[PDB]
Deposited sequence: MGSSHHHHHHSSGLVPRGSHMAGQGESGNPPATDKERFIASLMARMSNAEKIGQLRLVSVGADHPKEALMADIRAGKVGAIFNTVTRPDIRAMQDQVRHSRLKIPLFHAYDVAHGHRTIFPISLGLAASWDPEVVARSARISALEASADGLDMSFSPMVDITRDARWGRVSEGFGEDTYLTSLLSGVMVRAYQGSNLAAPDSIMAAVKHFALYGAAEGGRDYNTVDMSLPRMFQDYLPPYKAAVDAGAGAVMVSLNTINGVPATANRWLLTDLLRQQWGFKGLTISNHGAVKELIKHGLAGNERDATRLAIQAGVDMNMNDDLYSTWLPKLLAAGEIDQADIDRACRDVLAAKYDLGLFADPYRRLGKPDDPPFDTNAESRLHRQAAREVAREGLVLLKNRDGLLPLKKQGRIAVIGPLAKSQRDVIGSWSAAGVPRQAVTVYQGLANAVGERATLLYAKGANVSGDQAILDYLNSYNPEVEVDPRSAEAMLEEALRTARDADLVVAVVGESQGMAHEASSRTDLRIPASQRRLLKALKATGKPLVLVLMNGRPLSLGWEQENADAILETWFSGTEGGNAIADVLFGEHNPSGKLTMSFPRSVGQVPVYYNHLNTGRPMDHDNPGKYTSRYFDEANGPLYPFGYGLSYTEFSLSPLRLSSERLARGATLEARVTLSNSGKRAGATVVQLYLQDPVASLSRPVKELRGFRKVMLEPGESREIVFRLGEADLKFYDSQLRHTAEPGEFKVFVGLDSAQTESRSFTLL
């Protein structure tokens, strides 16, 4: 009530002009020249800033607040998605570590670095469920599984916000994108999402609720329609669900120009009506389009909105600012005015140990023919491909304040790891695409992709000549980070054709071929699975990616990472995901649910990933065959390292309700342990199962466990498991 008292008496001091000013979130750009923005801050007409990311620059803004009547401090936000200055792997890569503590360490250090530069808030975590590999932004999520994405959503929020949001090394988590954004039709970004309420509540919503339950201070609203209604004008989503049902008590933030876009959605004929829909639906804070400042006064004058609409939004902004401690000290994350200046991008402000150690855990070994990996640090190694010496790509999309020049490439990683003991030979081999239209797209806003001016044939001859000089080729191939961005939807999930032509040429030299993959989404790797001697999935592995990849290639680390998203054989099988419904005619037969013109199932399933050692599980044992209401069951299995090398695997518990009021999925992830074992080491794993893990949203959204059979699965991926059954009473 200290906070309630403080807020109530500040808002009793405030005019509607000052209140509406608090709802305005802007960045320096064409729409808002720097100096007219500073003038707006001095006049009490700006609530917050995004995309201003250095102490001197953020100090300069907060300094303008003393000129306003009430001196209400700004908060400063940025897209700290998977690192601020020290870049960790893209979220899809982090998820692949299957280790909350690893994911937490990336968020803690992100918060530490961003706070240290003056930032109060990150538009993070992105926790949208993704079953469509075509979608540009799958790189920003944690994959396709509801349980894993929901858990890591909670982990990220608690790591960022820490023990106290006032703390100088804590930032506010603004979870995104609320809601259902990953389910765009055709995987086209911003596009229509349409689904049943049972699927919505069971599969897609839980990650947002986890962020709320973990204490997320903010929620960012999505650009997409939900069953005909844009989320930004969806009163049901933002008021009935978010506030009245989940009990969210924080700040709602519009997406970039999302209020104005209600016109193109066909929900409003003009900006006046677009504003009314958004504030009355439950959008507090308006990003960039400034429709709130332009129209909220006139809507109130004409009775089209209530004072309570303005007050709800303003109180939310002030409560956020309060919990960040900005009313106690606006400069608590900006040092002291007499502090000596520093180089923001100084080497000593980075966390390279952390980045390298996190980057190792998420690398996924997909293929290793006749123990080719790990490599010895001897002989001549050809390092070939357009992503081998790429600093821009290895830090991935949404790379915040990450500096390309400070990033360790895959080539450099190998250079450092072999020293003078092996000879590395380099050849680019191909451009990332051989299609000038795709190169035009990738280089459209910024020059993201360095184009060799030579012919494909010239580059291939040079690559072939390098392979011939070498004992083995390490091909570094896949996507440029510009291919797994916002709006970068693909019709083709394969490696680009220029690089596939390179890989076939390289295969034909007869040299052992190791594939180091870079990608922000599941790829189509039919050919690579038949032909490559080994494949390593490195996603975009960040600032210290090259070192972490070199550590795994030379056996300093044993690949432990496993997929959190199913890899389709082709884009034609989209969507494919492990927790699908059985249907009345499950494919194992001509008259089953399947394609005829391709092998069925995914190439690599959910939970899949190889190691340099071999693991075994003892028989699955349940503590009983009946479970009483309010009692707790124990699934017990013994994991061994039955190979020669130390290493980690992930023991995954799945669950099936084979008889239910709805057709339930064939299995759903409900627990896991990542376990490091020395050779011969054994760990008894014990899973606790209760009524909470058996529940689902029925036809009428009743969240219920029904009595009857439950099947418990345990294995090292969703494909290779054993089941044992019990009964709920």
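Gaps in the model relative to the deposited sequence occur at 1-32, 621-624, listed in sequence order.
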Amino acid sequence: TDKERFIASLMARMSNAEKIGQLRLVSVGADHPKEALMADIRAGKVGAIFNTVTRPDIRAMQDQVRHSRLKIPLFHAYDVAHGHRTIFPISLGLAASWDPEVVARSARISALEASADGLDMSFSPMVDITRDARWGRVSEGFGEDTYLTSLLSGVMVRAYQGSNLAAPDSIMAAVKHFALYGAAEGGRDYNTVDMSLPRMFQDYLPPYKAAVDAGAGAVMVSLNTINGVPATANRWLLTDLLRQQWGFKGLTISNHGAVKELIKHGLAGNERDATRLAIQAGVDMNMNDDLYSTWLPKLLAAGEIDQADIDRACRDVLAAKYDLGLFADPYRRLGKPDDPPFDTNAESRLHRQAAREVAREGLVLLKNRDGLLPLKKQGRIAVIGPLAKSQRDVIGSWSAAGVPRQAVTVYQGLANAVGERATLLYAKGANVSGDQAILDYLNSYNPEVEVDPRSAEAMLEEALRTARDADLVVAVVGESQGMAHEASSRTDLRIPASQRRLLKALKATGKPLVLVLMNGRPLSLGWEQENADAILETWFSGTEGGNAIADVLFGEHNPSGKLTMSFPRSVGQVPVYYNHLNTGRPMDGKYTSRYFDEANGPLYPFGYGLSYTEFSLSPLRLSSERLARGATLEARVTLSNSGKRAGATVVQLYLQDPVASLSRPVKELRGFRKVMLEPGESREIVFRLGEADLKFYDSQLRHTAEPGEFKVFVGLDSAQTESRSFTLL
From here on, numbers count along this sequence of modelled residues.
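Whichever C-alpha set is largest while still superposing within 1.5 Å between the two forms counts as the rigid core.
Annotation: of the segments 20-28 and 715-723, 715-723 departs further from this form in 5 other deposited structures of this protein (C-alpha atoms, root mean square over structures and residues, core superposition). Of the two stretches examined, 333-341 and 534-542, the one with higher mean CA deviation in 5 other deposited structures of this protein after a rigid core fit is 333-341. When 499-507 is weighed against 334-342, 334-342 comes out higher, by mean CA B-factor as recorded in the entry. Comparing 127-135 with 440-448, the higher mean C-alpha B-factor in the PDB entry belongs to 440-448.
Highest C-alpha temperature factor among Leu197, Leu299, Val571, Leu525 per the entry: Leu299. Each of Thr192, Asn431, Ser122, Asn582 has a CA temperature factor in the record; the biggest one is found at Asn431. Ranked by C-alpha B-factor against the other modelled residues of its chain, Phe50 falls in the lowest third. Sort the modelled residues of the chain by CA B factor and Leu701 lands in the highest third. Compared with the other modelled residues of the chain, the Cα B-factor recorded for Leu23 ranks in the lowest third. Compared with the other modelled residues of the chain, the Cα B-factor recorded for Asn16 ranks in the middle third.
Ranked against the other modelled residues of its chain, the C-alpha B-factor of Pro586 as given in the entry falls in the highest third.
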